[PDB]
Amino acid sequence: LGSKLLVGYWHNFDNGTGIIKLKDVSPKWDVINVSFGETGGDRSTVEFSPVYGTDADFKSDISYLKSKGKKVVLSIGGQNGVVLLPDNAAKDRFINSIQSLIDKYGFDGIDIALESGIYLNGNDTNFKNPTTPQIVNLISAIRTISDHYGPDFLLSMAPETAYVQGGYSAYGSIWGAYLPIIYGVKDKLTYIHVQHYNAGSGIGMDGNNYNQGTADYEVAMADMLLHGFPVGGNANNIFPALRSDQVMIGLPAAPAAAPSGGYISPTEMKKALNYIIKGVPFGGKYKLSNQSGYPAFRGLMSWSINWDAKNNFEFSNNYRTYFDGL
């Protein structure tokens, strides 16, 4: 896996942006997050059927991309990615179904983008030792699956900001609810790409409020993971920094890709990237936690490959060229 990645969600469906067959995806994407594995009535057995092709043909397309150095990852989430793991029985159905699908299509990894049931129950106060069954069981399943395929297996996750950076403000309900998941699988985690969009505004470690879709916002939100931060107003409860190579930023490929806002122009985003990666500032209000940057910062995720293709490949062309230039 490369040191500066473009990770792109791939629609296993037509939402008006059309279907792009796997071999027609721009080679500028390093990782393709197939969207999505879904569940039926038991909210635990994951299912996936390709939107085009026989199973063999789809598997063959995946193999082709893999032969070209690309990674093809199964993403679990979306409106039908309702996953509830209230007990071990549910956990096992989830583990077994996911392994079956990985084995069947030859996916390179899994992407966890599910928020169903993700709440810290009352009393679940320690991110290093979670007690909420959904959280404990999800961690256990992810570890089990990861162990099944080893360190070449790719593990990513794509929570919204309230679940991660939100932990700076509160720890309970959804607030900080992905922190125990991140901590619980940090030794297996390839990268996390929080969704920096449909997000309104966020509070940085400087205690300042920043608006989504601005350079300062992207730096402030990423810095929480690059540096670590105190949780829930508790100076003695510090969530530790991830490795820089585990930190990515998730962005909309086009304005319409995130109808509630969050799109940032490449011109502005490159300012944020230069600051995060090299420690070169751009006159923004936010001060990076490290003087001279986080060189191993892993790159950008986008919703989505399909939206990007409809927007004249603005995202893929701009950021591939930016990263190649480093």
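A residue's number is simply how far along the shown sequence it sits, counting from 1.
The PDB entry records a higher mean C-alpha B factor for 79 to 87 than for its counterpart among 79 to 87 and 211 to 219. Comparing 165 to 173 with 236 to 244, the stretch with the higher mean C-alpha B-factor in the PDB entry is 236 to 244.
When the C-alpha B-factors of 150, 180, 159, 252 are read from the PDB record, the largest value belongs to 150. Which of 203, 194, 72, 112 has the largest Cα B-factor in the deposited entry comes down to 203. Sort the chain's modelled residues by C-alpha temperature factor and residue 263 lands in the lowest third, per the entry. Annotation for residue 27: CA B-factor lies in the highest third of the chain's modelled residues. Residue 298 sits in the lowest third of its chain by CA B factor, as recorded in the PDB entry. Per-chain ranking of the deposited C-alpha B factor places residue 310 in the highest third. Among the modelled residues of its chain, residue 287 has a C-alpha B-factor that falls in the highest third, as given in the PDB entry.
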